[PDB]
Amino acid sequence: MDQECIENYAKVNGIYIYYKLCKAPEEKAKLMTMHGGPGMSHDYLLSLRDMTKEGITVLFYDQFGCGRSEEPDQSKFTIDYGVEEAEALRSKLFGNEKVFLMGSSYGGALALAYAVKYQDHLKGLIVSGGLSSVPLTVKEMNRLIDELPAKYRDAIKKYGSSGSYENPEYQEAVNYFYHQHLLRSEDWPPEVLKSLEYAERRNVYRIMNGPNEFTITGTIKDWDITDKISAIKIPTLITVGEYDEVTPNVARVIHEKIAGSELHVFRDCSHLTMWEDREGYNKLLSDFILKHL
């Protein structure tokens, strides 16, 4: 069964980053995880921790300016910097071993940007609810907004149009959206709540993402590397939910570009598929890693 994890606060390429590694028994493969946001934390991905009894070691770590890690210079708020951070961590920790990469949401996109440069260091890639193009995901989310009942749809196009995010009606619509496309549940896990809490307390989510999940005005609103991800040749497991805020259509684009890549859609699921179907999610990412051992 579980055997706790080794927590540390090491110095990466310039800044102090927090990480939590859980390895063995009978380790077969090592796996690094990248939370979403931007500006969240490993916390909400702690369900993937169950894969250790399946011989999978997991590396949970808060990215720059996230969770328990120090915030770098405002200019370092880019995805290209996260990639340099990831590689530095994998190396000054695992040496020159080939590790499996797992990215969730923004982490998925980051995970992709990683493979585009350091795929040779990876043995496999897992992109869950991720994206390769922000403008695309934005276009997809807008549809979801229009598909929401007028009671909330209008509130999102009104108060979200006058900068009135502190409005209760609007905040009411944001919630309905989250309980529909972010996480389908009434008893949200603490891990998620902590990562969400970390998003409102730091500055990354603010400066890179925006007010909320469906109102991106940060510094990635134009990010798009679709014409780059085609160069990835390693085994890729792309998962996405049915009601996923980052539609399976956006997951489809990634599927095309990556040859031989798998694509799995979780019915009755949304964005955080980690808690909606923990056993099935982990099982899928587990067998994926074990076959491409």
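Don't overthink the numbering: it's just position in the shown sequence, from 1.
In this entry, 19 to 27 shows the higher mean Cα temperature factor of the pair 19 to 27 and 270 to 278. Comparing 150 to 158 with 187 to 195, the stretch with the higher mean C-alpha B-factor in the PDB entry is 150 to 158.
Based on the entry's C-alpha B-factors, the most elevated value among 117, 123, 202, 139 belongs to 202. Ranking 96, 215, 175, 133 by the C-alpha B-factor listed in the PDB entry places 96 at the top. In this PDB entry, the Cα temperature factor of residue 219 sits in the middle third of its chain's modelled residues.
Annotation for residue 182: C-alpha temperature factor in the highest third relative to the rest of the modelled chain, per the entry. Per-chain ranking of the deposited C-alpha B factor places residue 54 in the middle third.
Sort the modelled residues of the chain by CA B factor and residue 75 lands in the middle third. Per the PDB record, residue ranking by Cα B-factor puts residue 211 in the middle third of the chain.
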